[PDB]
Every structure is written in structure tokens, then in C-alpha cells.
Amino acid sequence: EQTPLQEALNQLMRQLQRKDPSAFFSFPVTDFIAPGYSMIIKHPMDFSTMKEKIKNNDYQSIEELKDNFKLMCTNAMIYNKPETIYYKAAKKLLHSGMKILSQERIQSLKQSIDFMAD
Ligand SMILES: CC(=O)c1cc(-c2cc(C(=O)NC3CC3)ccc2C)c2ncccn12
């Protein structure tokens, strides 16, 4: 039902989402709640979309998930003005998420994935 890589990606997801208690990054931003979003942000990302990419096996590496997570936070800091709650929340989430997605945890998880293979 899940490969070791999928299991590892799903666990990181849960860890990252716990750093978004406001649930602002849980779901895709739409043009209705953020006017002109689709004209400014060319590659949207959110936790629910990351969740489908894992289930659909779109990720070949943990680094890909980390890139998507950074994209999530980068999009929010580009679209939202610094005085907004969403900008501040993106900065807090980026800092907390990058500690979760440290080189040491990523390398540790990659070692485990290889040990569970073949
Ligand atoms: C990531 C980001 O840029 C973003 C996220 C949201 C958003 C807000 C709420 C919410 O609860 N809003 C009420 C507190 C006022 C719920 C879910 C989402 C996806 C948002 N809304 C407008 C502009 C930007 N954003």
C-alpha cells in the first residue's frame, strides 16, 4: 500500500503540518480568497497537494518534498504583503520546517529507506 519512501514522506508531512496550527497551508489558495493569486503565483503548492503527490508517487526523493515545502512558503511570502498574517505565518513555518527537514534527518531517513529495500 505504501513504499518505504512513501512512508517516510508521509511522516515528514505530518511533522511539517504540526507547525501550521492555523491550517493556512493545509489547502490550496484560490483566487476567491486571494484575488489575482493565479496571475502572480505560477506554481501553487499546499499540504493537501503534497499529500496527493506522495500517494500518486510523484516524488522520487525526500529532496523533492523539501523543495515543494519551500515553494509553499516562498509563494506565500511573494503574494502576501509583509504586514499580513499569512506572510508572518509563512516565515514561521519555513524556519520550523527547515529544522524538521535538516540534512541529518534527510540523510538518516534515506539510509533507512535503502535498508528496507530489496
Ligand atoms: C498560504 C496563503 O497565502 C493563504 C492561505 C489562506 C487561507 C486562509 C484561511 C483562513 O482561515 N482565513 C481566515 C483567517 C481569515 C483558510 C485557508 C486558507 C488556504 C489565505 N487567504 C487569503 C490570502 C492568502 N492565504
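The numbers used for chain A are those of Swiss-Prot, and the residues that appear cover 132-249, in sequence.
Just so it is clear, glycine is given a Cβ too, placed from its N, Cα and C backbone atoms.
Annotated SUMO2 cross-link per Swiss-Prot: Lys186, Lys197, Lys201, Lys212, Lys241, in sequence order.
The structure, with features from Swiss-Prot marked on it.
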residue: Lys186; record: SUMO2 cross-link; Cβ contacts under 8 Å, 6 or more apart: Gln137
residue: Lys197; record: SUMO2 cross-link; Cβ contacts under 8 Å, 6 or more apart: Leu232, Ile237
residue: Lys201; record: SUMO2 cross-link; Cβ contacts under 8 Å, 6 or more apart: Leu225, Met229
residue: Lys212; record: SUMO2 cross-link; Cβ contacts under 8 Å, 6 or more apart: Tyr218
residue: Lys241; record: SUMO2 cross-link; Cβ contacts under 8 Å, 6 or more apart: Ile193
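According to its DSSP assignment, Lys212 (SUMO2 cross-link) is coil.
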